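Reviewing the structure listed below.
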Amino acid sequence: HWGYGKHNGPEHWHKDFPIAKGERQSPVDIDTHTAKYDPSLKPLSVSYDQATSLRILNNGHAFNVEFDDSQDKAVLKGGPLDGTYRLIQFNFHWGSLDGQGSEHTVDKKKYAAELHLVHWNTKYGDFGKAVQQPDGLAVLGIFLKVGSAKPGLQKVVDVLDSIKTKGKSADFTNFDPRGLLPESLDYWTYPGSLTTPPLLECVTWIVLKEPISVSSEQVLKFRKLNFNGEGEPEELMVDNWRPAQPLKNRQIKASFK
Ligand SMILES: [Zn+2]
């Protein structure tokens with residue numbers, strides 16, 4: 001099975017998933033001086049006031065907070081998107097040290113972690129069908145830097161103990177994702193893919209310019225999770241990020257100048 005270790009890491013993925021060497025793979029390095037300001041990009045419209053979180057789960061490669069996506073409760077629209085996209089989950093990627101952890105990079109700078117808010121295009125009916133389309137998913141990427149604590153993130157941090165190993169899940173209702181957003185919604189956008197197998201090229205990436213800060217104690221909790229299942233030898237869940245891939249003739253557009 002794939003993972004992030006020496007023998008099953010990102011550099012090995014292409015053997016089981018040849019699309020790993022595709023034309024629109026993610027993540028990528030965002031060269032701020034090469035990105036084109038596009039005055040036709042509309043502002044992002046995030047409506048998370050009716051969001052219904054349900055469960056938090058350690059899937060062996062990261063932890064996900066799942067949302068009820070049976071209706072238009074929490075949606076994303078506007079920006080470079082056409083149509084309505086429903087929030088299905090959010091997850092993180094982090095490092096073993098504060099100087100690495102993010103998937104995307106800005107002018108080669110790596111952040112301590114990267115939060116992904118995953119949404120699927122409703123015109124396709126369900127998530128499974130959406131992942132098979134060029135414009136099936138829209139993922140909002142938010143960088144995390146170490147500094148002051150993020151209050152809205154604490155509820156997530158506190159429950160990590162109960163989902164330490166692979167396969168564990170816990171009820172996680174009434175969590176408000178709005179507490180994880182930065183002040184500004186300025187962003188960069190480019191066509192890309194999922195950053196973990198099956199690595200499908202079905203994502204419109206919307207990466208926020210402004211990072212949010214979390215405390216050292218907060219990220220330390222992420223690092224206590226395990227890749228392994230219960231009763232197995234302990235392997236700390238750290239550095240679950242894929243390195244930047246070649247841009248290959250894609251243009252990164254910016255909503256700001
Ligand atoms: Zn992710």
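Just follow the structure's listing: the first ligand is 1, and inside any ligand the first atom is 1. For this chain, numbers begin at 1 and follow the sequence in order.
When all heavy atoms of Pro27 and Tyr190 are compared, the closest pair comes out as CA-OH, 3.8 Å.
There is a side-chain donor-acceptor pair under 3.5 Å between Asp69 and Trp120. There is a side-chain donor-acceptor pair under 3.5 Å between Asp68 and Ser70.
Metal site remark for the Zn ion (ligand 1): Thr196 contributes no N, O or S atom at a distance under 2.8 Å.
Residue-level check: among N/O/S atoms of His116, ND1 sits closest to the Zn ion (ligand 1).
For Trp241 and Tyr111, the ring centers sit 6.0 Å or farther from each other.
Angle subtended at the Zn ion (ligand 1) by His93 NE2 and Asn91 OD1: 100°, rounded to 10 degrees.
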